[PDB]
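1. Need the 3D shape of this:
(chains A, B, C and D)
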There are 4 protein chains.
Amino acid sequence: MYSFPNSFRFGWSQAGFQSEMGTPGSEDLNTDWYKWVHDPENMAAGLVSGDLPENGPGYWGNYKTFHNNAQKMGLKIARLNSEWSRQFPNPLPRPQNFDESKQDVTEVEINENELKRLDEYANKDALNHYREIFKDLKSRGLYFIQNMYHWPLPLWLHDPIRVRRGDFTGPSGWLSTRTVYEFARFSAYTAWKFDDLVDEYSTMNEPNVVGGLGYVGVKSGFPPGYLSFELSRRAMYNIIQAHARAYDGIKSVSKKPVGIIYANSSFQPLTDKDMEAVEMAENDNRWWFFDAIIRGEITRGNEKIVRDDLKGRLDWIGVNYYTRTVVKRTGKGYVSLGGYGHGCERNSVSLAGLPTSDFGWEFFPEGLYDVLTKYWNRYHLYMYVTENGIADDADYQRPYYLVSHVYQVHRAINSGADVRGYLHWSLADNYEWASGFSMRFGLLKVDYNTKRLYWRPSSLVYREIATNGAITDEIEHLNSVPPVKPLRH
Amino acid sequence: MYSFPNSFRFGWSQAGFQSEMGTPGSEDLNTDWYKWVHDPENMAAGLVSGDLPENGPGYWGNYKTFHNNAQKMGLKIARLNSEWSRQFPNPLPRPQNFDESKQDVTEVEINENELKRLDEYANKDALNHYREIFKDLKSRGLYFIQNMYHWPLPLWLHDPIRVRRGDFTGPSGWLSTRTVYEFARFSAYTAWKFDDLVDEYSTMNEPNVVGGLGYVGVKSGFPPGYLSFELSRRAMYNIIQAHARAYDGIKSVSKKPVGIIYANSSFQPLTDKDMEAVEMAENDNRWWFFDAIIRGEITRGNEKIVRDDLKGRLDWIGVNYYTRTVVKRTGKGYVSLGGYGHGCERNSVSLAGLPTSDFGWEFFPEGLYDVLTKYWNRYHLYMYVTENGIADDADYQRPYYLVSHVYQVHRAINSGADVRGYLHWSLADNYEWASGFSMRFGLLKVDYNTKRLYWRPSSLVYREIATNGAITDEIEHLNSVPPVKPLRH
Amino acid sequence: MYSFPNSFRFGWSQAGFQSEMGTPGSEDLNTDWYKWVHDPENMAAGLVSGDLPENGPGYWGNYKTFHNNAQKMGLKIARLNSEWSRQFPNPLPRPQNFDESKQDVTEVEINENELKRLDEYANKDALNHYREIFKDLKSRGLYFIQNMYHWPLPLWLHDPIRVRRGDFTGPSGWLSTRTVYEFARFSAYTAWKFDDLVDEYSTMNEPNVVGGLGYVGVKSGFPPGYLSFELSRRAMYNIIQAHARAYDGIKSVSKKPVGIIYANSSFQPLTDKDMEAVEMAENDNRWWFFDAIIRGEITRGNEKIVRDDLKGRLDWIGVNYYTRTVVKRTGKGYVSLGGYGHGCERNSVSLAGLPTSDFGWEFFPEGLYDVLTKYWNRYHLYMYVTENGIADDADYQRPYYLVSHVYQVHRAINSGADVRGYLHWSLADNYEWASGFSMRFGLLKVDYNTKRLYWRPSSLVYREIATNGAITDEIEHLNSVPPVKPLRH
Amino acid sequence: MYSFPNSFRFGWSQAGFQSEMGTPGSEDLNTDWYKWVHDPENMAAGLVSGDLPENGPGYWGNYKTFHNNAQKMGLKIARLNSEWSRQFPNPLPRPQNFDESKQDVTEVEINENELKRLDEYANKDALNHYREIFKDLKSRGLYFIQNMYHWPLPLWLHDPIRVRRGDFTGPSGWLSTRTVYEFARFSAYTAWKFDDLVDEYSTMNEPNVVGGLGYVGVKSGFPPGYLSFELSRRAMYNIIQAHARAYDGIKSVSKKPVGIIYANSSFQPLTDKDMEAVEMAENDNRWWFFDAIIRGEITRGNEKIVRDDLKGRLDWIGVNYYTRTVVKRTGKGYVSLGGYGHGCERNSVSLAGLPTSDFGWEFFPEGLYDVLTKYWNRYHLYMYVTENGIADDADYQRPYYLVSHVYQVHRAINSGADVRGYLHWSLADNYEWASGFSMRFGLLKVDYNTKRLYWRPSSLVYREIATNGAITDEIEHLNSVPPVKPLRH
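-> Numbers count the residues shown, from 1 in each chain, chains lettered A, B, ... in the order given. Next up is the structure itself:
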C-alpha cells in the first residue's frame, strides 16, 4: 500500500484574482491584470479570451461554501494569497531615502513605526474581510500557507498598457526597484497583521512565469506583453531581490517558515544522447534562480557575483508541476520540442502517444518524481507540491492524473525527499488568466451562472486519498495512463 | 432534489455463467454455452471471442469479497440466478405420461412426492454451496431476487453444435417441450429448497434474446446459431409456456412474488411521421410477449388464441434497458436503423451525435423513462429496473450514464409508475458471452489475473446514491451527456 | 524513373455478378448468389446488406461506355468473366457415365460431338451478347483475359438456402462432383465459342475464398453459409479437381495460356521470432493449393498422394492482393491478429499506425512485392497482378494506394519475377457481395441512379501511369503512405 | 455543363518573398520581413515559425521549370510581383520640396527626367533577371498581371524591430508618407521598364491584411507587430494614398488596366436575425476601403471627406477568397465567431460540420459567389479571382475545393458579374509568412531538399478545367463537400 507520513497533508491551492470575484461587492479594478483583460486592443488581438474576472467563482463571498466542501473532502491544508491591490488600492507617497537609479536593493528598513504609518494607508475593509476568510479556514482545522503575491500588481505600481506601447515613463511594475521596495514593506505588513493565522509563508507564486511570459512569450497574453530579452532579465533580477527583501521583512515580524512557489517542468531527453541538453535546460529554467536566493550566486550585467543580502533567503520550496518538457541538443545550446509537455494539441495525444488535457498538456506523472528528487539532492530544503492538476471539464483524465501524481510524490518520499504535502491545483474551477473560464482545473465544477459547486468524480477519489492519508488498494488501478482508445486523437 | 421512496432499493444484477467460474473447483462443463464457446469451428468462424468462462471473476469462490464490496457501496438488493446445469448435470429419466409431439403444455404436475424423487438426482454439493452464497448475501441485509434461468441449458437438454449443423434428432433445447416440462419442475425444485432465503422470484432472464439471437441474429454468436424464422417462433412459444408452467410450479411451493426479466429498448421515431412504426416495433418486440403471459393472448400456428393456462402468470416486470432503437416506416412495415442505439460504432458517436460505449451502444437515458411508463400504463404491474449499465473499461462515461438513468427512474416514479428498485448491470466485470472479457460493465474493475477487484470512480458515485437514497445535489451535474469533444469520433 | 517492360500492360478486372446488372433486361435470377442476397432470413440476420444486384452499374447494357473510358484512361488489358448461369440457366440432363459417389474426377470426356450437343442447351441470346461485349473490347485494342468462373453458380447446381438449413439432398454446389463435371464441360464450351476473341484464359477467381468463407467464415455472409471444417475441405478438393478438368477441357479446344486467379495476402511476422508462423500460414493458405494443381501433390482423406491428372495444370498465376495478414506463433501452430491487414477498423488506423480503408483494410504495399517474389521463386510461372485496389469513395487514399502498389510491382520485376501486367480492381464501383454497394473500389465513381460514371482524381493518376508505361517523376511522391494526421483515427 | 467565356483565363498567383528564394544567389536580405523572420526575439516568442525564406522553392532560379509545368497544366495567365527591395536595396536621398508632416499626399510629380535619375539607383542585375523571368512567361503565351507590392518593404524604408519596440524615430514603413511618396515613384518606374511585357497591373496585394495584422492582430506574427488601433488607421490611410498615387504614376507611363488585389471573406449571418451584422461587417472590412479609392470618400482623422485625388483610381478588382466569416449582431455592433471560417481547428470540422484545412480554414465555396456578386452590384468593375486555394499537403480536399470554387465563379458569371479569370493560389508550395513552410497551398508539391516539383492529383484535375475551359462532366462530382466521415474530427 502507499501510505504517507503522519504529518503529511493533502489540500489545495488557489489564487485571489482567479477565484475571488464573482459575488456582488467583490470587484477589484485596481490591478494591471484587471485592466489588461479589459483592454479593447488586447481583446481585438485575441491576446485575452474576452471573459472577465468579475464573473468568477465568487470565493470572496462564498468562501464558507468552498471551505465546507474542502472539509467534507478531508483536506487539511490550503494555500491562498492576499491581493496586494485590495490592501493598498491607492498610491503610496514616493518613498524617500530611496534612489530608483540604483541597480541593487540590498535592504529595506522595516520597523514597527514604519508599519504603523503604512497601516494608515491600508483598506481596513479588505483587510478585515481577509481575516474573516482565514479565520473560517483555520477554525476548520486546515493548515494555512499564506502566499503574498500571485501576479496582479496594483495599478499605481504598473500600467501594463503604457508599457506594452513602448512607453516606459510610468509605473513599470517589476521593471522598477520602486516595486521591489514596496513589495518588501507590503509582505512585512501582511505578516505583521496575519501572523496569528498563518502557519507558513510564501513570498510569491511562479515569478519565472511572470517575467518569462510577460516579456518573452508575448503570445501568451500576459502583461505588459512587451517583447524584450533584456527587460525580461531586469524583471527577473528585480523579482529576485523582491523575494529576498520580502523574506527579511517577514522575518522581522515572524518566526514562521518562509518559502517561494515556482513553476516547474521535468526536462526530458528526446534521445539518450540529449542528457547534456537536459542539464542545460535545468540550469536556465531552475538552478539559476534558486542558486540566487539560496546560494546568493547571481549575475547582474555580465559578471557572476555572490550577494550576501541574497544568500540563504529560503526555508522551503513550493513545487508547481503539470507536465514534462522534451529537449534536444543543438550544437550551441538545446531546444524544447513541440508535440510534448505543454506544447501539444488540445484533447489529443502527444508525439509519444500520451493523452493531452483540454489545455493541450501531456500526461507525464514521472516528471513530478524527477523534479522533487532533483530539488532535494541539490538544496535539501523540504518542500510542498503546491500545485498539480489538469484542465479537464469532463473529468475523463483527472482521476488517473490525481492518483498517478500522488503516487509519484509517495515514491519521492521513499527516496528520501522531504515533501510535507500535496496541494491539488484548485478545489474549484476558476479564471485561467488570458485563457478565460474555458480551462477548468477544479475538483469541483463551477456553474458560473448560479455560482453553485458540483463534485466531479475525481473529488470523491481525492476524498479517499485525503481521508486515508494514502492511495487505498481499491483505487490503485488509477495509478496508470488514461486509456487513449476511447479518447480523441 | 431527487429522492426515492423509502422502500426503494439500489443494487446490482449478475449471471452465474458470466461471473461464477474463475476460481479452482468452479468449472461447470455441462451447459450448451460452455460447449458452444469452446467449439473449434465457432472459434475459427469468429462467432465466439476465444475467451473462456473458466478464466472469469471467480464469484463461485470469492462471493464474500463481492458481497462485502456491495455492502460498502451501500447496495441493498441483488438479483442472481442458479445454474440449472450445476443442480442437475446428469440426464433425468424420460418422464412418463408425457407426449413430446403435443404442441401445448398447459400443466405440469408438481407435488411434494415428485420433488422428493427429483431431489435424489440433484447435486447436493452445488446446492449446498449456493445456499452458502445466498446465506452470506442475506446475512448482509441485502434484499434477494432469485432468478431461475439466465441462458445456459444443461447439455443433456441441448447440444447446440448438433442443432447448428442442422441435425434435430438430439437434445434440442427450447425447441423441445421436454425442456419446458423439465424447467417447470426445476423451478419448483429450487423454490422448494431456497424459499427461506428468497424475497422475490424471476423465472428467466431475457427470453426474447435467447430465441431472437439464437435462431435469427446468428452473427451474434449465440447457440444454437441455426438461422430459421420458424424455429425462432417455436422456441419463443415454448419459452413462453415454460414461463407459465414455472410460475405455477413455484407458486405451488411459495407465496413470494414471481416475475420475469425482459430485454428492452426504447423505440424512437426517426421522424415525426414514424410514430406508427414505433407502435409496430413495440408490438413485435414487447407487447406480443407480455400480452401472452399476462392477457393469455398468444398465437400458435396461425390462429390467434387465448390460453387460460397462460393468463395472469406474472406478478412483476423486470426491465433491462441499455439504449434506444430508432425506426422508420419503410416499404412494408418498419425498419431499425444502424448508427443509432445498439447499432453504432464502438467508442464513437451515433448519427445523432451522442457518445457510444466500448460496445457501440448509444447514450440515451430518456429511453428508460419511456419503457417504464409504457409498461406501467399498459399492465399496471410494479417493476424493477433489473439491468442498466455500460461497457466502459476506462470509466469515462459510466458516471454520466449511472446518474442520468437513475434520474430517469426517479422521473418515471413521479409520473406514477411503480418502480421498486434499480439494479445496475453488475458489481464487477464479467464474461460478455460471445464477446468475451473485453466488454467491461462493472462498477468494479476485475484484474482477471489476480481476481482482485478495483473501485472505478463511478462506484464511488453510486455509493453516494445508494447511501443517500437519492441523487445528491453535489453530483447532479452528472445528469447530462458525456462531453463528446474530448472523446473519439 | 520507374518504367515497365515494353510488353507490360496496365488494365482492370471486373466480375459479371458485381457489374453486369443495372440496366433493363439484364436481370439474371438463376444463381445461388442472387437467391442468397434476396433471402428474407439472410437479410433479417444481417448476413447480407439488403442491396440488390439488379440495381448495379449496368455493364450489361453500358459496356461501351465502360470500354470507352478505359480507352481514354490508356488501359490495354482487361479481365472479365462469363456468368455460367446466363449460358445455361436451365438444368442439364444428368451425365450418363458419371458416378457421383466416386471421390475423384480424373477426367471428363470432351469432344466436338459433346460440345455440339451441349450447344443445344445454351442461351444463344446471352452468348451472342457476350460476344458483342468482347468484340467491342477487342476492337479497342485491349488485351483480353477470359475468366470462366467468379463465384455464382447456376441455381440448378446449387440451392444455397437448402444447404444452409442443413439439408444436403439437393443441388449442393462445390460439394458435388456433378458440379466439377459440368464445370469442365462448361469451360471447354466457352473456350470453344470465344477462343477467337480470347488472349489468355483463367479457370476461376479466388477459389479459396469460395470454400473458405462459404463453409468456415460464415459471418461473411457467403453462400451456403454452412459452418463445417470437413465440408470446407470437400469443397476445396472438388474445386481443385474442377480446375484441373477445366484446364484440360480448354486445352482440348485451345492453345492459349490457361491460369487461375487466387486471393492472396502477405503473411507478416508480429515479431522477429514469428518467422516460422509465417511459413506455416503460407503453407495453409497458399502452397498447399498450388502444389496441388502444379506439383499434383494433394491430400485426400488423410494420405499425401500425388495425382498425375492434377500435375502441371497451370500456365500462369493471377495474383489478387489487398493487404497483409500479421501472425504470431502459438503452441504448435499460429494465429492471425486482429487490428492488422483485413481485420482493422473502418476509416481508421491499424495497430501499426497505418491508414485503413472504408472496408477496414490496412495500407501495406510491400506485401505485394513479397507475394509476387514468393510465387516466382517457388514455381517460376509468370503472373499478372489480377486484382489490387481499395474501398475508398472519397478517393483520399487511392492515389497513394495505386502508385505505391504499382511501384512494388516494378520492384518485383527488377528482382526477376515475371509479371506481365497490373489490373486494378475495377474501372468502376460495383456490388461488393454481402457488403452491398457501400464499398466503392472504382477508379470511376458510379451514380447508381443515373448509372453515370465519374473520374475520381486517382483515375487521372492511373492514366498517367498507363499512358507512360511508368510512374512518371511528377507523381513519384504518391509512392508513400497516406498522411494519417488529417484522417480519422 | 459549366463552360466559361472564351476570353476567360485560368492560371495562378504567386509572391516574390514567398517563392523566389531557395536557389544559390537568390538571397534578398533587405526587407523588413526578412529581418522580421530572422529576429531572435520573434522566434523565441513564437511569433514566427523559425523557417527561413532562404530555404524556399527557388523560383528565382527555377522559374523555367515552374512556367513549363504551368504550360503543361494548360494555364494561360499568371500574376506575380516584383520585390521593391531587389530593385532599390539602397537608401534613396530624401525628397526636397516634400513635407513629411503633411497628412495628405494628393500628388507626386513623375516625369521622364525623374525616372531617368531614379534609374541610376536601380539594381540592373535584379531588373534584368526579372525581365528574363517575365520574358519566359510571355514567350509561353501566358497573360501577365504585374503586381507592384506584396508586403515586404525595403529595410531603408521600414525597420520592423525598431517600431515593434515602440521606437518611432526610424524608417516606419506605412506609418510614413515618405513610403507613400517612394511607392508611387517605384510603381511608375517598374511600369516604365516592364510595360512591354505587362498586360494588366495591380498596385498592391491585400493592403488590409498589411495594416490589419501588422498593428492589430499582433498574434499573427506580422511586422511591425505593434498593437495600436490608431496607428492601424494611419497605416491604412497612407496605404490608400499610396495606391492612388501609384495608380497615377503608372498611368503616366502606361495605358494598361490598373487594379488592386484585396483580402476578402464572405460575411455570413449566424442567424436570420443577424443580417444587419453582415452589412456592418461588409462596411468595416470591404466598402470603406473601396469607396475610398473608387468614390473618393474617405475619413481622415474623424472628418468624413471626399478627396478628388482619390476618386476613380481603379480599373479592376482582384478578389482573394478562402473562406467565410460568421458574425452575430451584438447590441452596439457585431462580432466574428470562432469555430467558423478562418477561426477553426486544424484538420477538423467547423461548428457547422464542414471540413477544415491544415490551416484551420472552413470549406465554404458559396462565399465566393457572394463576394463576386456583391462587388459587381456595387461598383460594376470587372474582376479576377486573384487568389483561391487551400493548405492541404495530402491533397485530400483540394480536388473538391478547386472544382467547387471554380463552379461558384461560373455561377457568378451567369448572374452577370464580369469575372475574367481564376488564379488558384499557387502553382507550388511556398513560404507561408509567419507560419513557415508547413502550410502547403500548391497544386504542385515541393521537396524543399531537392527543390523538385510533384503533381498532386488536384493539379491533374485543374489541367482538365484549364484545358477544356470548363468543369467537364467527368469531374462534376467534385463540386461537393469533401466527405467528413473519413477525415479527422
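2. Please count neighbours and contacts with C-alpha atoms only from this point.
-> Will do.
3. Residue C:184 versus residue A:346, what's the distance?
-> 64 Å (CA to CA, to the nearest Å).
4. Looking at the two, which one has more neighbours?
-> residue C:184 (25 against 22; other CA atoms under 10 Å in any protein chain shown).
5. Phi first, then psi, for the more buried one.
-> For residue C:184, the backbone dihedrals (degrees, to the nearest 10) come out as phi -60, psi -50.
6. correct me, but it touches residue C:251?
-> No: counting by CA atoms under 8 Å, residue C:184 stays clear of residue C:251, with 10.9 Å between them.
7. tell me the contacts of the residue of chain A found nearest chain C?
-> Proximity of chain A to chain C (CA to the nearest CA) peaks at residue A:489, 6.3 Å away. Neighbouring residues of residue A:489 by CA atoms under 8 Å, 6 or more residues apart in numbering or on different chains: A:347-349, B:488, C:489.
8. just residue A:242 next, same as before
-> A:180-181, A:183-184 are the contacts of residue A:242 under CA under 8 Å, 6+ apart.
9. 10 Å instead, please
-> A:105-108, A:174, A:177-185, A:187, A:203-204, A:236, A:248, A:310 (CA atoms under 10 Å, 6 or more residues apart in numbering or on different chains).
10. Provide the backbone phi and psi angles at it.
-> According to degrees, to the nearest 10, residue A:242 has phi -60, psi -40.
11. quick one: it and residue A:225, what's the gap?
-> 21 Å.
12. so what sits against both of residue C:184 and residue C:251?
-> residue C:245.
13. interface residues of chain A facing chain C?
-> Proximity of chain A to chain C, by CA under 10 Å from any CA of the partner chain, involves residues A:485, A:488-489.
14. which among the contacts of residue A:242 end up buried?
-> Those of the contacts of residue A:242 that meet the buried threshold are A:105, A:107-108, A:174, A:177-185, A:187, A:203-204, A:236, A:248, A:310, by 16 or more other CA atoms under 10 Å in any protein chain shown.
15. In helices only, show me the residues you listed.
-> A:177-185, A:187, A:236, A:248 (DSSP state H).
16. for the residues you listed, which one is nearest chain D?
-> residue A:236 (17.0 Å).
17. which non-adjacent residue is nearest residue A:451?
-> residue A:57 (5.8 Å; CA to CA, 6 or more residues apart in numbering or on different chains).
18. tell me the contacts of that neighbour?
-> A:18-23, A:63, A:66, A:428-431, A:437, A:445-453.
19. before we move on, what about residue A:79?
-> A:11-15, A:142-147, A:200-202, A:386-387, A:423, A:425-426.
20. C-terminal to the host helix or strand of it, what's the next element?
-> Secondary-structure assignment from DSSP states H and E places residue A:79 in strand A:77-81. Moving toward the C-terminus from strand A:77-81, the next helix or strand (DSSP H and E) is helix A:84-87.
21. Which strands or helices does that next one pack on?
-> helix A:124-139, helix A:177-194 (3 or more CA pairs under 10 Å, 6 or more residues apart in numbering or on different chains; DSSP states H and E).
22. what comes into contact with it?
-> With CA under 10 Å, 6+ apart, helix A:84-87 has contacts from A:16, A:26-32, A:119, A:121-127, A:130, A:148-157, A:183, A:186-187, A:189-190.
23. Just the buried ones from those residues?
-> For these, buried by 16+ other CA under 10 Å: A:16, A:26-32, A:119, A:122, A:126-127, A:130, A:148-157, A:183, A:186-187, A:189-190.
24. Now intersect those with the strands, please.
-> Here DSSP state E is the test, and the buried ones among the contacts of helix A:84-87 give no hits in strands at all.
25. Just those residues: which are in helices?
-> Counting by DSSP H, the buried ones among the contacts of helix A:84-87 contribute A:16, A:32, A:119, A:126-127, A:130, A:183, A:186-187, A:189-190 to helices.
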